[PDB]
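This is work.txt. It holds compact mmCIF, C-alpha atoms.
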```txt
# COMPACT_ATOMS: atom_id res chain seq x y z
CA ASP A 6 -21.37 24.47 -3.06
CA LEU A 7 -18.30 24.68 -0.84
CA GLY A 8 -15.93 24.25 -3.75
CA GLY A 9 -12.96 26.61 -3.74
CA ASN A 10 -13.24 26.65 0.07
CA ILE A 11 -10.72 25.85 2.80
CA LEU A 12 -11.42 24.51 6.25
CA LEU A 13 -9.08 24.84 9.14
CA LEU A 14 -10.10 21.84 11.26
CA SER A 15 -7.92 22.90 14.19
CA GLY A 16 -8.09 21.64 17.78
CA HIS A 17 -5.83 20.00 20.34
CA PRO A 18 -4.17 16.72 19.48
CA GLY A 19 -6.66 14.00 20.37
CA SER A 20 -9.87 15.84 19.52
CA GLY A 21 -9.85 13.78 16.32
CA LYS A 22 -9.21 16.49 13.79
CA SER A 23 -8.05 13.70 11.49
CA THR A 24 -10.92 11.29 11.75
CA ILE A 25 -13.43 14.09 11.32
CA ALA A 26 -11.51 15.53 8.38
CA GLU A 27 -10.88 12.24 6.55
CA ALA A 28 -14.48 11.11 6.87
CA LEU A 29 -15.70 14.57 5.85
CA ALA A 30 -13.28 14.47 2.93
CA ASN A 31 -14.54 11.06 1.84
CA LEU A 32 -17.96 12.73 1.71
CA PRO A 33 -19.66 12.57 -1.72
CA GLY A 34 -20.47 15.62 -3.83
CA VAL A 35 -17.63 17.88 -4.96
CA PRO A 36 -14.02 16.72 -4.98
CA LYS A 37 -12.60 17.02 -1.49
CA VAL A 38 -9.12 16.64 -0.03
CA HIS A 39 -8.03 15.73 3.46
CA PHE A 40 -4.82 17.68 3.80
CA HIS A 41 -2.85 16.37 6.76
CA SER A 42 -0.78 19.54 7.05
CA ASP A 43 1.22 17.97 9.86
CA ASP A 44 2.97 15.91 7.18
CA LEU A 45 4.97 19.05 6.42
CA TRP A 46 7.27 18.67 9.42
CA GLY A 47 6.88 14.90 9.28
CA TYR A 48 8.79 15.24 5.94
CA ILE A 49 11.81 16.82 7.57
CA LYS A 50 14.33 14.42 9.19
CA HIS A 51 17.60 15.29 10.91
CA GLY A 52 17.25 18.82 12.20
CA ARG A 53 13.63 17.95 12.96
CA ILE A 54 13.01 20.13 16.06
CA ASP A 55 9.69 19.25 17.72
CA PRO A 56 6.82 21.71 17.00
CA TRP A 57 6.26 21.93 20.76
CA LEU A 58 8.94 24.56 21.35
CA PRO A 59 11.15 26.47 21.24
CA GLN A 60 13.24 26.51 18.03
CA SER A 61 10.02 25.97 16.10
CA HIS A 62 10.26 29.69 15.39
CA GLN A 63 11.33 29.81 11.73
CA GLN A 64 10.48 26.16 11.15
CA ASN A 65 6.77 26.63 11.85
CA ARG A 66 6.85 30.07 10.21
CA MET A 67 7.81 28.25 7.01
CA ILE A 68 5.70 25.08 7.37
CA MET A 69 2.81 27.44 7.86
CA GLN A 70 3.55 29.46 4.73
CA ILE A 71 3.75 26.24 2.66
CA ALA A 72 0.60 24.72 4.07
CA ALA A 73 -1.28 27.93 3.34
CA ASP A 74 0.09 27.97 -0.14
CA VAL A 75 -0.81 24.32 -0.78
CA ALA A 76 -4.38 24.97 0.43
CA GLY A 77 -4.81 27.70 -2.16
CA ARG A 78 -3.44 25.43 -4.93
CA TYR A 79 -6.23 22.93 -4.44
CA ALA A 80 -8.80 25.63 -3.77
CA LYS A 81 -8.00 27.65 -6.91
CA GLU A 82 -8.72 24.56 -8.94
CA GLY A 83 -12.19 24.13 -7.41
CA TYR A 84 -11.82 21.76 -4.49
CA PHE A 85 -12.85 21.77 -0.85
CA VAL A 86 -9.58 21.71 1.07
CA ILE A 87 -9.58 20.52 4.67
CA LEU A 88 -6.46 20.94 6.77
CA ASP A 89 -6.10 18.46 9.61
CA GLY A 90 -3.81 20.44 11.86
CA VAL A 91 -3.37 22.99 14.63
CA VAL A 92 -3.75 26.54 13.30
CA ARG A 93 -3.87 29.14 16.06
CA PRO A 94 -5.41 32.52 15.34
CA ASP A 95 -1.83 33.88 15.09
CA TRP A 96 -1.50 32.26 11.67
CA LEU A 97 -5.05 32.96 10.54
CA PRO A 98 -3.90 35.98 8.45
CA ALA A 99 -1.61 33.53 6.66
CA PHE A 100 -4.78 31.86 5.30
CA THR A 101 -7.09 34.80 4.65
CA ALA A 102 -4.41 36.15 2.29
CA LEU A 103 -5.58 33.38 -0.05
CA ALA A 104 -8.48 35.59 -1.10
CA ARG A 105 -10.66 32.46 -0.85
CA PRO A 106 -13.53 31.57 1.58
CA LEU A 107 -12.21 29.58 4.57
CA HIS A 108 -14.18 28.11 7.46
CA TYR A 109 -12.45 27.94 10.88
CA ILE A 110 -13.44 25.15 13.34
CA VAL A 111 -11.54 24.26 16.54
CA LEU A 112 -12.30 20.89 18.13
CA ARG A 113 -12.18 20.59 21.90
CA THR A 114 -12.70 17.59 24.16
CA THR A 115 -12.05 16.34 27.68
CA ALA A 116 -8.37 16.08 28.53
CA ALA A 117 -9.05 12.42 29.44
CA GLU A 118 -10.62 11.88 26.01
CA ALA A 119 -7.66 13.58 24.35
CA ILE A 120 -5.12 11.62 26.32
CA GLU A 121 -7.07 8.45 25.49
CA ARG A 122 -7.37 8.86 21.71
CA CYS A 123 -3.64 9.67 21.46
CA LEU A 124 -2.49 7.11 24.03
CA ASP A 125 -2.57 4.16 21.65
CA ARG A 126 -1.15 6.07 18.66
CA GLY A 127 2.55 5.42 18.85
CA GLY A 128 3.73 5.95 15.29
CA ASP A 129 5.29 9.39 15.38
CA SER A 130 2.43 11.51 16.73
CA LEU A 131 1.48 12.39 20.32
CA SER A 132 2.06 9.55 22.78
CA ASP A 133 3.16 10.79 26.24
CA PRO A 134 -0.06 11.90 28.05
CA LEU A 135 1.86 14.76 29.73
CA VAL A 136 2.51 16.48 26.38
CA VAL A 137 -0.97 15.81 25.06
CA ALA A 138 -2.39 17.17 28.31
CA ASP A 139 -0.09 20.18 28.49
CA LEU A 140 -0.80 21.07 24.84
CA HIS A 141 -4.53 20.63 25.59
CA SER A 142 -4.48 23.13 28.53
CA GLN A 143 -2.84 25.71 26.30
CA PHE A 144 -5.48 25.25 23.59
CA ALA A 145 -8.06 26.44 26.20
CA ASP A 146 -7.99 30.20 25.54
CA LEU A 147 -8.97 31.03 21.97
CA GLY A 148 -9.26 34.72 22.77
CA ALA A 149 -12.04 36.27 20.74
CA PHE A 150 -12.18 33.18 18.56
CA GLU A 151 -14.12 31.03 21.03
CA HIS A 152 -17.29 31.20 18.98
CA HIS A 153 -15.11 29.09 16.69
CA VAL A 154 -14.96 26.16 19.07
CA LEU A 155 -16.91 22.99 18.59
CA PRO A 156 -17.07 20.79 21.69
CA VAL A 157 -17.41 17.12 20.81
CA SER A 158 -16.93 15.38 24.15
CA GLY A 159 -20.56 14.31 24.51
CA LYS A 160 -20.40 12.84 21.01
CA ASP A 161 -18.76 9.92 19.24
CA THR A 162 -17.05 9.60 15.86
CA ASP A 163 -20.19 9.95 13.75
CA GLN A 164 -22.16 12.07 16.20
CA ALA A 165 -19.42 14.65 15.70
CA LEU A 166 -20.68 15.80 12.30
CA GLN A 167 -24.38 16.28 11.49
CA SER A 168 -25.17 18.35 14.66
CA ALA A 169 -21.47 19.18 14.70
CA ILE A 170 -19.02 20.03 11.89
CA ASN A 171 -21.38 19.27 9.04
CA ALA A 172 -23.89 21.65 10.58
CA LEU A 173 -21.13 24.25 11.03
CA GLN A 174 -20.15 24.20 7.37
CA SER A 175 -23.73 25.10 6.51
CA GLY A 176 -24.31 27.14 9.66
CA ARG A 177 -22.16 29.85 8.05
CA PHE A 178 -19.62 29.16 10.86
CA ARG A 179 -17.15 31.36 9.00
CA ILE A 180 -17.42 31.68 5.17
CA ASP A 181 -14.33 33.97 4.91
CA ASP B 6 27.24 21.34 1.03
CA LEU B 7 24.08 20.29 -0.79
CA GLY B 8 21.91 22.65 1.21
CA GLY B 9 19.39 24.61 -0.84
CA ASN B 10 19.37 21.67 -3.28
CA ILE B 11 16.54 19.51 -4.61
CA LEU B 12 16.72 15.92 -5.73
CA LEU B 13 14.25 14.30 -8.01
CA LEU B 14 14.58 10.64 -6.98
CA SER B 15 12.39 9.42 -9.84
CA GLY B 16 12.05 5.86 -11.15
CA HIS B 17 9.35 3.26 -11.71
CA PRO B 18 7.23 2.17 -8.78
CA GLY B 19 9.15 -0.62 -7.07
CA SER B 20 12.68 0.63 -7.68
CA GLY B 21 12.57 1.80 -4.06
CA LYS B 22 12.60 5.53 -4.57
CA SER B 23 11.18 5.77 -1.06
CA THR B 24 13.56 3.58 0.85
CA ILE B 25 16.54 5.23 -0.82
CA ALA B 26 15.13 8.69 -0.21
CA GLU B 27 14.10 8.16 3.43
CA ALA B 28 17.42 6.61 4.39
CA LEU B 29 19.29 9.33 2.48
CA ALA B 30 17.12 11.92 4.23
CA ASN B 31 17.87 10.43 7.64
CA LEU B 32 21.53 10.98 6.71
CA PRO B 33 23.44 13.22 9.15
CA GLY B 34 24.92 16.59 8.24
CA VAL B 35 22.60 19.34 6.99
CA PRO B 36 18.86 19.25 7.61
CA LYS B 37 17.24 17.00 5.04
CA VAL B 38 13.64 16.23 4.12
CA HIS B 39 12.14 13.18 2.50
CA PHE B 40 9.28 14.67 0.53
CA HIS B 41 6.90 11.92 -0.51
CA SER B 42 5.37 14.02 -3.28
CA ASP B 43 2.91 11.22 -4.03
CA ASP B 44 1.06 12.29 -0.89
CA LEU B 45 -0.31 15.16 -2.97
CA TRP B 46 -2.87 13.02 -4.77
CA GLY B 47 -3.12 10.72 -1.76
CA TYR B 48 -4.67 13.82 -0.04
CA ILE B 49 -7.50 14.06 -2.53
CA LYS B 50 -10.51 11.75 -1.93
CA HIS B 51 -13.71 11.53 -3.96
CA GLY B 52 -12.87 12.66 -7.46
CA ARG B 53 -9.53 10.94 -6.99
CA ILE B 54 -8.79 9.81 -10.59
CA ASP B 55 -5.82 7.43 -10.70
CA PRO B 56 -2.52 9.02 -11.90
CA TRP B 57 -2.24 6.18 -14.42
CA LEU B 58 -4.48 7.81 -17.02
CA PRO B 59 -6.31 9.46 -18.59
CA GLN B 60 -8.11 12.29 -16.74
CA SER B 61 -4.88 12.89 -14.84
CA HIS B 62 -4.43 15.78 -17.26
CA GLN B 63 -5.17 18.84 -15.10
CA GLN B 64 -4.90 16.88 -11.87
CA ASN B 65 -1.23 16.01 -12.38
CA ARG B 66 -0.60 19.41 -13.97
CA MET B 67 -1.59 20.90 -10.62
CA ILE B 68 -0.09 18.30 -8.25
CA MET B 69 3.11 18.90 -10.14
CA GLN B 70 2.98 22.67 -9.75
CA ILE B 71 2.40 22.30 -5.98
CA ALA B 72 5.12 19.75 -5.46
CA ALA B 73 7.58 21.98 -7.30
CA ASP B 74 6.51 24.90 -5.22
CA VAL B 75 6.83 22.98 -1.95
CA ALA B 76 10.35 21.84 -2.93
CA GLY B 77 11.44 25.44 -3.34
CA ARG B 78 9.94 26.40 0.06
CA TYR B 79 12.22 24.00 1.88
CA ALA B 80 15.14 24.72 -0.41
CA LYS B 81 14.94 28.52 -0.02
CA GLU B 82 15.30 28.04 3.71
CA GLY B 83 18.51 26.01 3.34
CA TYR B 84 17.51 22.36 3.26
CA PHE B 85 18.23 19.41 1.01
CA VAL B 86 14.86 18.45 -0.43
CA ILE B 87 14.37 14.95 -1.81
CA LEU B 88 11.21 14.14 -3.72
CA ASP B 89 10.21 10.48 -3.66
CA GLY B 90 8.12 10.37 -6.79
CA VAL B 91 7.89 9.91 -10.55
CA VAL B 92 8.97 13.07 -12.39
CA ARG B 93 9.31 12.54 -16.13
CA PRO B 94 11.45 14.93 -18.15
CA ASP B 95 8.18 16.57 -19.31
CA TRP B 96 7.86 18.24 -15.92
CA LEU B 97 11.55 18.94 -15.45
CA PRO B 98 11.10 22.61 -16.52
CA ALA B 99 8.58 22.85 -13.68
CA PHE B 100 11.52 22.32 -11.29
CA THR B 101 14.34 24.25 -12.94
CA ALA B 102 12.12 27.34 -12.68
CA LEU B 103 12.99 27.22 -8.97
CA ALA B 104 16.29 28.91 -9.77
CA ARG B 105 17.89 26.41 -7.35
CA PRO B 106 20.36 23.51 -7.99
CA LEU B 107 18.50 20.20 -8.48
CA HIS B 108 19.95 16.75 -9.03
CA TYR B 109 17.95 14.32 -11.23
CA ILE B 110 18.26 10.53 -10.58
CA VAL B 111 15.97 7.85 -12.09
CA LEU B 112 16.03 4.42 -10.47
CA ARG B 113 15.56 1.37 -12.65
CA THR B 114 15.38 -2.31 -11.75
CA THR B 115 14.25 -5.68 -13.08
CA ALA B 116 10.53 -5.87 -13.72
CA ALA B 117 10.50 -8.95 -11.44
CA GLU B 118 12.23 -6.92 -8.72
CA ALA B 119 9.74 -4.09 -9.20
CA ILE B 120 6.76 -6.40 -9.16
CA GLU B 121 8.20 -8.05 -6.04
CA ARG B 122 8.87 -4.95 -3.93
CA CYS B 123 5.37 -3.63 -4.68
CA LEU B 124 3.60 -6.99 -4.45
CA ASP B 125 3.37 -7.02 -0.67
CA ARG B 126 2.53 -3.29 -0.34
CA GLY B 127 -1.23 -3.22 -0.26
CA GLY B 128 -2.01 0.04 1.51
CA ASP B 129 -2.98 2.36 -1.31
CA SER B 130 0.09 2.16 -3.56
CA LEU B 131 0.88 -0.20 -6.45
CA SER B 132 -0.37 -3.75 -5.89
CA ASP B 133 -1.51 -5.45 -9.13
CA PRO B 134 1.70 -6.70 -10.88
CA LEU B 135 0.15 -5.88 -14.29
CA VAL B 136 0.08 -2.14 -13.53
CA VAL B 137 3.48 -2.12 -11.90
CA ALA B 138 4.85 -4.01 -14.90
CA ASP B 139 3.09 -1.89 -17.50
CA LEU B 140 4.23 1.33 -15.80
CA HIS B 141 7.76 -0.15 -15.65
CA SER B 142 7.89 -0.84 -19.44
CA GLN B 143 6.90 2.74 -20.12
CA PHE B 144 9.63 4.09 -17.83
CA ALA B 145 12.16 2.39 -20.19
CA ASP B 146 12.78 5.24 -22.66
CA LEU B 147 14.16 8.33 -20.95
CA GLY B 148 15.01 9.95 -24.26
CA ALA B 149 18.16 12.00 -23.93
CA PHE B 150 17.95 11.73 -20.16
CA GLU B 151 19.30 8.18 -19.93
CA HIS B 152 22.61 9.32 -18.50
CA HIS B 153 20.29 10.13 -15.60
CA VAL B 154 19.46 6.52 -14.88
CA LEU B 155 20.88 4.58 -11.99
CA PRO B 156 20.42 0.83 -12.28
CA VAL B 157 20.20 -0.83 -8.87
CA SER B 158 19.16 -4.39 -9.71
CA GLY B 159 22.52 -5.94 -8.83
CA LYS B 160 22.40 -4.15 -5.49
CA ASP B 161 20.44 -4.32 -2.25
CA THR B 162 18.97 -1.65 0.01
CA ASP B 163 22.28 -0.35 1.34
CA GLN B 164 24.38 -1.24 -1.69
CA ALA B 165 22.17 1.21 -3.57
CA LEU B 166 23.87 4.31 -2.18
CA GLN B 167 27.65 4.61 -1.73
CA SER B 168 28.52 3.33 -5.28
CA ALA B 169 25.02 4.44 -6.24
CA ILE B 170 22.98 7.53 -5.29
CA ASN B 171 25.41 8.84 -2.70
CA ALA B 172 28.14 8.72 -5.31
CA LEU B 173 25.84 10.45 -7.80
CA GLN B 174 25.16 13.38 -5.51
CA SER B 175 28.90 14.00 -5.37
CA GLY B 176 29.56 12.75 -8.89
CA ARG B 177 28.03 16.03 -10.11
CA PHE B 178 25.19 13.88 -11.58
CA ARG B 179 23.30 17.08 -12.27
CA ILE B 180 23.92 20.17 -10.05
CA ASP B 181 21.29 22.31 -11.89
```

Final structure tokens representation of the file:
Amino acid sequence: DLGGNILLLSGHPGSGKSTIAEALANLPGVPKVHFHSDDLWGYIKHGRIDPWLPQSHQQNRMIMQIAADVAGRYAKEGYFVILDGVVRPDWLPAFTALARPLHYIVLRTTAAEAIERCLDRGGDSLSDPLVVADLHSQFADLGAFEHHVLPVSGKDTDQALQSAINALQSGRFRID
Amino acid sequence: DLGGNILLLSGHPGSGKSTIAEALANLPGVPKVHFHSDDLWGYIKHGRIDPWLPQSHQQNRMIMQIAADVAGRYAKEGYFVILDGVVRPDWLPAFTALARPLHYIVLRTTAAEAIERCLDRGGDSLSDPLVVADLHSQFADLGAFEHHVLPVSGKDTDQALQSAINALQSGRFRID
């Protein structure tokens, strides 16, 4: 019944936004889609500019606009979109404008757990534990959006759903 | 000088649209972006429906619309977009509508070369040589768009650029 819905599975790198989104996307029922929104900057090469700071001003501004547009595309055509990426409350209004019901869920976990998960990642994502840790500290104050945080430290990969995210989707966490 | 431009690096699976696009995207100069448009259906899980046929009616219709939209996003903000994906002349008008200059280049290679490149791919792309071969045969008639084909059989990975794609970009292959 969550067709035409979008989910912002935000959280600090290492909280497993991906794993929880993929697995939730592979969930039976209505057609889902695990949208790894981070692929938007991963697509740009030469003039990359890390999303850490500071020139990520207009870059992110854009990548955000796209991502929000793409979410609507799938949504409009009855789908349950799930964006696996950081989406701070600053850009929230860039997603409500989609006149579609979106659920917001921020994952948070121990800094040691976050550094761990990302440690052995290499690839092109977060590696250096300093960055992962620094970015984690920042993701600590969600202002008046805290009731939107889902701690999953005391849980594992599949314990982070039923009594976690899955329960949130139904728990009316945030319909729109 | 090809900023604000889009390139449809189409061709049959195995002609190396990716390798040629990535490497061309990693090219110095203006900020480029290797847009692996195929990631659009790769994002959907459960209700997937292979892009081979037949229910790929409204699925592709959409995935196409998105992809064309996303290309404009990058383009508008001065970039040289490069889509690594099949884009038959049927959907061409879905890209010209972007009121931006786009270059169209179709890669073609021996069916044995195409079956080869894709053979050892596994992952989630083209594996079975029957499919790769069948899809290849189909990609043989480009109607009145043949002058848009770039054969790269008698060339290797880096011989498929200077006297190939790179030369096409400048050769005014198709500015708009």

Closest atom pairs, range 14-129 of chain A residues within 10 Å of range 81-99 of chain B, all atoms listed in the file, as CSV:
```
residue,atom,partner,partner_atom,distance
A:48,CA,B:86,CA,9.4
A:49,CA,B:86,CA,8.7
A:52,CA,B:84,CA,9.6
A:63,CA,B:82,CA,9.1
A:64,CA,B:82,CA,9.1
A:67,CA,B:82,CA,8.2
```

Write out as a Markdown table a residue-level contact list of chain A versus chain B with cut-off 6 Å: for each qualifying residue the closest pair of atoms and the distance in Å to one decimal, counting only C-alpha atoms, rows sorted by chain and residue number upward.
```
| residue | atom | partner | partner_atom | distance |
| --- | --- | --- | --- | --- |
| A:31 | CA | B:50 | CA | 5.6 |
| A:36 | CA | B:52 | CA | 4.9 |
| A:37 | CA | B:50 | CA | 5.7 |
| A:38 | CA | B:49 | CA | 3.9 |
| A:39 | CA | B:48 | CA | 5.2 |
| A:40 | CA | B:48 | CA | 5.4 |
| A:48 | CA | B:39 | CA | 5.2 |
| A:49 | CA | B:38 | CA | 3.9 |
| A:50 | CA | B:38 | CA | 5.4 |
| A:51 | CA | B:36 | CA | 5.3 |
| A:52 | CA | B:36 | CA | 4.9 |
```

**Request:** Could you tell me how far CA of residue 162 in chain B lies from CA of residue 124 in chain B, in Å and to one decimal?
**Result:** 16.9 Å

**Message:** Could you tell me how far CA of residue 122 in chain A sits from CA of residue 154 in chain A, in Å to one decimal place?
**Reply:** 19.1 Å

**Request:** Just give me the gap between CA of residue 104 in chain A and CA of residue 73 in chain B in Å, one decimal is fine.
**Result:**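 Distance between the two atoms: 21.9 Å.
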
**Message:** So that I can see what lies close to residue 141 in chain A, please list as a list in words the residues with an atom at most 9 Å from it, counting only C-alpha atoms and leaving out residues fewer than 5 positions away in the same chain.
**Reply:**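 Residues near the query, excluding close chain neighbours: residues 16, 17, 18, 19, 113, 114, 115, 116, 119 and 136 of chain A.
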
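Here the question is which of B:54, B:110, B:140, B:13 gets nearest to residue 155 in chain B using all atoms listed in the file, and that residue is B:110.
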
**Request:** Identify which of the residues A:102, A:12, A:156, A:57 lies closest to residue 169 in chain A, counting all atoms listed in the file when measuring atom-to-atom distances.
**Result:**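 Comparing A:102, A:12, A:156, A:57 against residue 169 in chain A, the winner is A:156.
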
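If all atoms listed in the file are the atoms counted, then among B:100, B:176, B:138, B:131 the closest residue to residue 117 in chain B is B:138.
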
**Asked** Of the candidates A:121, A:153, A:8, A:130, which shows the shortest atom-to-atom distance to residue 43 in chain A, using all atoms listed in the file?
**Response**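 Selected residue with least distance to residue 43 in chain A: A:130.
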
**Prompt:** Pick from A:174, A:60, A:163, A:181: nearest to residue 24 in chain A, with only C-alpha atoms counted?
**Reply:**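 Counting only C-alpha atoms, the residue closest to residue 24 in chain A is A:163.
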